Amino acid sequence: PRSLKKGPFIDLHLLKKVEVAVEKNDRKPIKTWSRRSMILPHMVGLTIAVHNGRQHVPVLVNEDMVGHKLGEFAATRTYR
Amino acid sequence: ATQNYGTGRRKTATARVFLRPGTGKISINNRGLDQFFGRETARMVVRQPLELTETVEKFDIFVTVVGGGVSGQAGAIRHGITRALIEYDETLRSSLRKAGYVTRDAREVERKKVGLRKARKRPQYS
Amino acid sequence: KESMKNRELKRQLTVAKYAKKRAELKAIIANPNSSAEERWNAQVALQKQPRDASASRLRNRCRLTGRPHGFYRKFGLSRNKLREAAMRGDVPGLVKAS
Amino acid sequence: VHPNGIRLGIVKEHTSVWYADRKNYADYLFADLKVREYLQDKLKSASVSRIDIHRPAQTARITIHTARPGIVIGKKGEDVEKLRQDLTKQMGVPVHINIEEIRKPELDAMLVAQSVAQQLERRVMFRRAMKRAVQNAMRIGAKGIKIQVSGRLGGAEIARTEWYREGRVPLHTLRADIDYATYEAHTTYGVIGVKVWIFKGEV
Amino acid sequence: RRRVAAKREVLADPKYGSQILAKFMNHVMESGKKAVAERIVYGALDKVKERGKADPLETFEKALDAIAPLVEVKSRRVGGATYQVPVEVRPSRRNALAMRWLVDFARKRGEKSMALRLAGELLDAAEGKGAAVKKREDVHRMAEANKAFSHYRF
Amino acid sequence: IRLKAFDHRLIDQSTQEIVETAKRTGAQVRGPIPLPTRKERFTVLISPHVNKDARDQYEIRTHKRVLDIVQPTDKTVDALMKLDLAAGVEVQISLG
RNA sequence: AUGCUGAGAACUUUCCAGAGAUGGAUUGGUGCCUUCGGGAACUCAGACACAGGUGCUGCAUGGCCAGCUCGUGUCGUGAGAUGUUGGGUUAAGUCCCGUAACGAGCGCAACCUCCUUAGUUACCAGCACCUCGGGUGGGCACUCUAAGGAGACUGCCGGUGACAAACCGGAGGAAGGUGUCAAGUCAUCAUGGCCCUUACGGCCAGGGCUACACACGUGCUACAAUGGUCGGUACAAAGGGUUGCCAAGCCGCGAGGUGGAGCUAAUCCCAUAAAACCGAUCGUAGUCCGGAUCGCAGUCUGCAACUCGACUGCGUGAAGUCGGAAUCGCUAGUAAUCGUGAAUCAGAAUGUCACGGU
């Protein structure tokens, strides 16, 4: 599975400091309180940090991303 | 008349012989023996009682018996040759002990045992 | 433990707390009759409307003991009951045969 | 492996004979728990051997096979509604309560096992009394009683399977019946479970 | 120590009319199908003589001449060197090594016709110049140093 | 008539009160149509230590019976619906 | 889990600082028994006390091949021994006869083909008919899977042996002799010496458990030749089935989401299938069995698939060559290669798989 049976992503409560923050300039990182929470495919180039409990990682996002989770910026098991 | 009821059984069957006298004609499961079967040797294993009771000229045999596998109730044609004929007469009574093809073998797949692999096929130990 | 056996047991009246919006929003999604403008209207459904409306975090246990393993569909009880129920006679029809 | 799960049929009877449908099989299995937990800690007086729980026409059926009516029954139903209310409010269905007569009650095993936990906590002797539990209940009727005592018996490191046996009790066959009364309680130190294997006559 | 088993040979072949050959479907049955086995139980015996000039029961019977041994290879203790046991034995021993090892050289030929790569060795015993005949003459002259050990230290 | 009953011993004693008490009233009711043992094997664990070599066998039976009344007027099916149970028999009825 | 006191009983608390709970605007309600006194449940709440042991600890706190012990009696100064040795036999402390021994409990041994009445709705042994798939009466006899049942022998003759346990042989008849090993849990019911005692009574938790650098408990699968790639055969097919199982699919090379024959299943959804004929071109290969990071990307749970998932379409990127040093281990139904359908009512529970037809 995980095909494009779900085409778009219209999620209302994961949104109200994201879609409104287009007119506002990009000076602060958008902090996230999940390992799941995603955002639009038309906003491409924001910053989301991997949320688990101790420290944050470098997150670099370019224009060409379509596929899957945020689990690559910090790893699943990051080789302690 | 000669309108009787015999029964061969392999793998929990209930057979139907529509038996009558005749001249050695064989048939099985609404088919002939040259009609459902072929590409086996199990057809004329039943020949071994058949030619020794010398009934190859006297009877018409149609033992419908269904179920089992490919050559499983090829083991039922073994049984039902003389059941519906010794309910007629007593000529071949003591002359069939040499073959011995009536006992429904209870050494088939009985109850399922846990811990083992199969009925009494034992697993790997040390 | 005391603050565990009475905080996830209350999911009987909180997961189906709404129970009428939860069926009026989850059948016509399986129908392709929604229009191309109407991908969004059926997605104001159940999450920020406080998110005890899905059921991915409930588990089946025993009643008097509370063991999740050994639980079957034919009981509300578990594996440490069957040896000690039908001999005192707590289960009907459980009879040894072959 | 259990012996007491075999005789569900041609010798004794089920105590839960009730039916709902194949998907409905566990609706009245919710009410089959809380009744036995009220007779263990509270109604130790007039102790209980076997409880029949059935679903007859339109309510329920629970029969409490005690020994002493004079402590329960008083002045034409003063506690009959007190068992009818305190039980059936957590039970899903209400119960009309009948009381039967088990005159000469010394031949149930639970009517002996639930009388020794009242005797072992207050320093009454652990060796003379388990003898006399079956010295005076063996005049008329039963032919033999075994009591396997593997337990505490004063000393904390004891696995001595004691030999308080009196008579002939085979406990492997089905026509010679097996009784099994494993009550457990808390004495002043050491966990002691009272086990009773009274053998009545066969057939 | 008592022998409790009862020897029950069952020999009745449906078409072939043999004497000792009938029930042999045991290593022709490779834990598989009987309908695969139909050109190789008797259909391979209908494939031996197709280049030859006889009946296939002629050549089969005479395997009890030169691929059947004379002495036996079982090991025995006295107080020293482990002595094997040479003796004239009844046919159930020596002819047991005249039928099952004759077919056991079937993989180092690996030719066309699965039916032929089982029974393409049986006709070589007319003079007895095949594969199982080499080891039978090895037995007799690896029994010179043993043949006096039958009563004395045996 | 179709029921929903337990086993061998509570339908073979529940159909004895049906057919004779329906033949008394001048009607014709057919005889009992059999049903064999409901074969289903049950496997659980019994060992105090976790053990894969220890399973066992159990079963719950489910036996019902086919009957039918030729001239449907019987009070044996409605008035003797409350009689044909003892402790937990649930007698379904059919007007056949 | 708490005793005393509360506005408003409880609800609604959907919506907003939540990118992430709620306190609250809480969008409305006064409820509830009537000596018209009184009373009580709760979203949260300010005092006192605690509940939590989620480190330690199986050491004063686990109970569910066959032989071992008691009681009585003896001999022995006693510990202890006889019973239980022996002789003939036994799967056997199974016995027969001897024998200062005699009776016991335990393990062992045993316990878990014959049938009245039968088939409302399968279908063709009675038969008309049939699309010869049986629409259907009739299938109770030439039956459709039985609830429960005389059930299998020391039964018998004869040669051995003390005639005796047994052991050898024959019946009939297409069936005849079977109480043990100072070790995993003060933790699924239990229970200690110290502890957290503005606390593991606070929880929306600001992520840091696989550098390949090995031996291996190794234990399906082949030895390239029966030769290298499919949509086909006489062909599986019912139950749980009132918040379920999810047609012929229109979709298909192979996806049977809208469809829905079956909605309480002698019905059916995975419903399709069995290693057979002579299967093709060519007739015996570490390779035209070979794809491990570069499937990108395709209207199905549905508010939660922004550099990772079934869908195997085979353009590619290999290590499978008689198992030898030595050892898993096979004396009879056995060494042995056709699959699981169903929840507290939402369907990827793999070495011990409902039937391995050999």
# chains A, B, ... in the order shown; residues from 1 in each chain; ligands from 1
>>> select_by_dssp(residues="chain B", states="alpha helix (DSSP H)", output="PyMOL selection string")
chain B and resi 47-50
>>> interface_residues(of="chain E", to="chain B", cutoff="9 Å", atoms="only C-alpha atoms", output="PyMOL selection string")
chain E and resi 12-15+34-35+37-38
>>> write_last_selection(atoms="N, CA, C and O atoms", output="CSV table (one decimal), in the first residue's frame")
chain,number,residue,atom,x,y,z
E,12,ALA,N,1.8,-59.0,-6.2
E,12,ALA,CA,0.8,-59.3,-7.2
E,12,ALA,C,0.8,-58.1,-8.2
E,12,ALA,O,0.3,-57.0,-7.9
E,13,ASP,N,1.5,-58.3,-9.3
E,13,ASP,CA,1.6,-57.3,-10.3
E,13,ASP,C,0.5,-57.3,-11.3
E,13,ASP,O,0.1,-58.4,-11.8
E,14,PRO,N,-0.1,-56.2,-11.7
E,14,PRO,CA,-1.3,-56.1,-12.5
E,14,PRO,C,-1.2,-56.6,-14.0
E,14,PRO,O,-2.1,-57.1,-14.5
E,15,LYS,N,0.0,-56.4,-14.6
E,15,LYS,CA,0.1,-56.7,-16.0
E,15,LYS,C,1.4,-57.5,-16.3
E,15,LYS,O,1.5,-58.2,-17.3
E,34,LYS,N,2.5,-40.9,-8.4
E,34,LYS,CA,2.4,-42.2,-9.1
E,34,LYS,C,2.2,-42.1,-10.6
E,34,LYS,O,2.7,-42.9,-11.3
E,35,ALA,N,1.6,-41.0,-11.0
E,35,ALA,CA,1.4,-40.8,-12.5
E,35,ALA,C,2.7,-40.4,-13.2
E,35,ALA,O,2.8,-40.6,-14.4
E,37,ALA,N,5.3,-41.9,-12.1
E,37,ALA,CA,6.0,-43.2,-12.0
E,37,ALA,C,5.5,-44.2,-13.0
E,37,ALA,O,5.9,-45.4,-12.9
E,38,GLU,N,4.7,-43.8,-14.0
E,38,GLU,CA,4.0,-44.8,-14.8
E,38,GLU,C,4.9,-45.3,-16.0
E,38,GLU,O,4.7,-46.4,-16.5
>>> interface_residues(of="chain F", to="chain B", cutoff="10 Å", atoms="only C-alpha atoms", output="ChimeraX atom specification")
/F:41,43,52-57
>>> write_last_selection(atoms="N, CA and C atoms", output="PDB file, in the first residue's frame")
ATOM      1  N   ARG F  41     -11.763 -28.546  17.090  1.00  0.00           N
ATOM      2  CA  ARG F  41     -10.723 -28.826  18.074  1.00  0.00           C
ATOM      3  C   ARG F  41     -10.210 -27.526  18.683  1.00  0.00           C
ATOM      4  N   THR F  43      -7.322 -25.600  21.283  1.00  0.00           N
ATOM      5  CA  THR F  43      -5.965 -25.730  21.807  1.00  0.00           C
ATOM      6  C   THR F  43      -5.623 -24.538  22.694  1.00  0.00           C
ATOM      7  N   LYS F  52       6.001 -24.484  24.846  1.00  0.00           N
ATOM      8  CA  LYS F  52       5.372 -24.658  23.541  1.00  0.00           C
ATOM      9  C   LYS F  52       5.022 -26.120  23.298  1.00  0.00           C
ATOM     10  N   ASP F  53       5.593 -27.021  24.095  1.00  0.00           N
ATOM     11  CA  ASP F  53       5.363 -28.446  23.893  1.00  0.00           C
ATOM     12  C   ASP F  53       4.065 -28.898  24.551  1.00  0.00           C
ATOM     13  N   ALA F  54       3.405 -27.999  25.284  1.00  0.00           N
ATOM     14  CA  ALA F  54       2.207 -28.338  26.048  1.00  0.00           C
ATOM     15  C   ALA F  54       0.957 -27.674  25.463  1.00  0.00           C
ATOM     16  N   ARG F  55       0.186 -28.469  24.726  1.00  0.00           N
ATOM     17  CA  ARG F  55      -1.181 -28.097  24.376  1.00  0.00           C
ATOM     18  C   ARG F  55      -2.107 -29.257  24.747  1.00  0.00           C
ATOM     19  N   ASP F  56      -3.395 -29.108  24.455  1.00  0.00           N
ATOM     20  CA  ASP F  56      -4.407 -30.065  24.887  1.00  0.00           C
ATOM     21  C   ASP F  56      -5.608 -29.965  23.953  1.00  0.00           C
ATOM     22  N   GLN F  57      -6.734 -30.533  24.384  1.00  0.00           N
ATOM     23  CA  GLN F  57      -7.912 -30.640  23.535  1.00  0.00           C
ATOM     24  C   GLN F  57      -9.167 -30.258  24.312  1.00  0.00           C
TER      25      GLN F  57
END
>>> decode(residues="chain C", atoms="C-alpha atoms", output="compact mmCIF listing (two decimals), in the first residue's frame")
# COMPACT_ATOMS: atom_id res chain seq x y z
CA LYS C 1 -0.58 -0.09 40.01
CA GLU C 2 -3.71 1.99 40.55
CA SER C 3 -3.51 4.90 38.07
CA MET C 4 -3.39 2.43 35.15
CA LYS C 5 -6.35 0.06 35.60
CA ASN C 6 -8.89 2.91 35.65
CA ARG C 7 -7.68 5.35 32.97
CA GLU C 8 -7.72 3.17 29.84
CA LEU C 9 -10.77 1.19 30.99
CA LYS C 10 -12.87 4.37 30.53
CA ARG C 11 -12.51 4.03 26.72
CA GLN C 12 -15.99 2.44 26.58
CA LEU C 13 -17.68 5.87 26.83
CA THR C 14 -14.94 8.13 25.44
CA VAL C 15 -13.92 6.44 22.16
CA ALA C 16 -17.61 6.28 21.19
CA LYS C 17 -18.40 9.44 23.18
CA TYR C 18 -19.80 11.15 20.08
CA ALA C 19 -21.01 7.90 18.41
CA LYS C 20 -23.34 9.67 15.92
CA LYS C 21 -20.89 11.91 14.09
CA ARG C 22 -18.53 8.92 13.96
CA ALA C 23 -20.81 7.07 11.52
CA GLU C 24 -22.09 10.11 9.58
CA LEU C 25 -18.47 10.87 8.59
CA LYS C 26 -17.02 7.42 7.78
CA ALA C 27 -19.17 5.71 5.12
CA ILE C 28 -19.47 8.07 2.13
CA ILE C 29 -15.66 8.36 2.15
CA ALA C 30 -15.88 4.78 0.82
CA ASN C 31 -18.22 6.17 -1.90
CA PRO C 32 -16.68 7.89 -4.96
CA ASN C 33 -19.80 10.12 -5.21
CA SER C 34 -17.93 13.07 -3.66
CA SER C 35 -17.25 15.89 -6.10
CA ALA C 36 -13.83 17.29 -7.05
CA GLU C 37 -14.45 20.41 -4.96
CA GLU C 38 -15.60 18.17 -2.08
CA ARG C 39 -12.30 16.58 -1.00
CA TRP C 40 -12.20 18.90 2.03
CA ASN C 41 -15.75 19.00 3.50
CA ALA C 42 -15.60 15.41 4.80
CA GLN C 43 -12.24 16.19 6.48
CA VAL C 44 -13.38 18.42 9.36
CA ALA C 45 -14.30 15.18 11.03
CA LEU C 46 -12.83 13.92 14.27
CA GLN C 47 -9.36 15.08 15.33
CA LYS C 48 -9.33 18.63 16.69
CA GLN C 49 -12.84 17.82 17.76
CA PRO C 50 -10.95 16.23 20.69
CA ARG C 51 -8.95 13.30 19.46
CA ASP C 52 -10.48 10.45 21.47
CA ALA C 53 -12.45 9.55 18.35
CA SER C 54 -10.22 6.88 16.78
CA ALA C 55 -9.61 3.41 18.23
CA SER C 56 -5.98 2.40 17.56
CA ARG C 57 -5.04 2.24 21.28
CA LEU C 58 -7.44 -0.22 22.95
CA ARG C 59 -6.65 -3.78 23.99
CA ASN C 60 -8.63 -6.85 25.06
CA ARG C 61 -7.93 -8.43 28.43
CA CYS C 62 -9.50 -10.50 31.18
CA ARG C 63 -12.04 -9.12 33.66
CA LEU C 64 -11.12 -10.34 37.16
CA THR C 65 -7.39 -10.75 36.47
CA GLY C 66 -6.65 -8.49 33.51
CA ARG C 67 -4.44 -10.64 31.30
CA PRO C 68 -4.36 -9.59 27.62
CA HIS C 69 -2.87 -12.84 26.31
CA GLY C 70 -4.99 -15.97 26.23
CA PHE C 71 -8.08 -13.92 25.38
CA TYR C 72 -10.47 -15.42 22.83
CA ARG C 73 -13.66 -14.38 21.05
CA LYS C 74 -15.88 -16.85 22.93
CA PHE C 75 -15.20 -15.35 26.38
CA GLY C 76 -14.57 -12.17 28.30
CA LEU C 77 -12.03 -14.22 30.25
CA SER C 78 -8.54 -15.57 29.66
CA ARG C 79 -6.21 -18.59 29.68
CA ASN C 80 -5.96 -18.86 33.48
CA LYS C 81 -9.75 -19.34 33.72
CA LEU C 82 -10.50 -22.32 31.42
CA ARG C 83 -8.77 -24.85 33.72
CA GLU C 84 -10.63 -23.41 36.75
CA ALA C 85 -14.07 -22.52 35.31
CA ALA C 86 -15.88 -25.50 33.76
CA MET C 87 -14.83 -27.87 36.55
CA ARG C 88 -16.56 -25.55 39.00
CA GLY C 89 -18.99 -25.20 36.09
CA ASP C 90 -18.66 -21.60 34.93
CA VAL C 91 -18.72 -22.36 31.17
CA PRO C 92 -21.51 -24.21 29.31
CA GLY C 93 -20.96 -26.93 26.75
CA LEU C 94 -17.17 -27.28 27.25
CA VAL C 95 -17.05 -31.08 27.23
CA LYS C 96 -14.14 -33.41 26.43
CA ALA C 97 -14.62 -35.52 23.29
CA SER C 98 -12.67 -36.67 20.23
